[PDB]
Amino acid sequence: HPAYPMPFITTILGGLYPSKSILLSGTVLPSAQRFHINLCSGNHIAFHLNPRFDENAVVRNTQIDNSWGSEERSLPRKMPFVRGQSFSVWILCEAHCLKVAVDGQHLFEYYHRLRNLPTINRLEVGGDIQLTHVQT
């Protein structure tokens, strides 16, 4: 299984809605600094998932009108992403929040800030990973 171009951008026809799943698989580069997965709406970023190896954290935020909101960094366990290690991310959309799992295990919830779900119809992946598969 080869790799996707990076950054990878694709429309999510029909946008989001409860029960909608977006799956991604790949491998973190050996000396990755950071990588991100964005769910966008027009010129806004409804959900920014940003694992950071320099900061050993997983940052989540929303960018509306070019303004980043309050970051969410809480984690129930140790940073699951590891340099040079393969991973899978499952983003499940629900009515009030996005539920995110990493390597088959729930990691966190992110309450919707941009609530018009159908308008969130673009996926962007960028950063220090080798993207091997996407399921929208």
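Just count from 1 along the sequence shown to find any residue number.
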### Message
Quick check on the record: does 61 to 69 or 36 to 44 carry the larger mean Cα temperature factor?
### Response
61 to 69
### Task
Read off the CA B-factors in the entry, average them over 45 to 53 and over 74 to 82, and name the higher stretch.
74 to 82
### Task
Name the third of the chain's ranked CA B-factors that contains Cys97, choosing lowest, middle or highest.
highest
### Message
Test of reading the entry: by CA B factor among the chain's modelled residues, which third contains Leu131?
### Response
middle
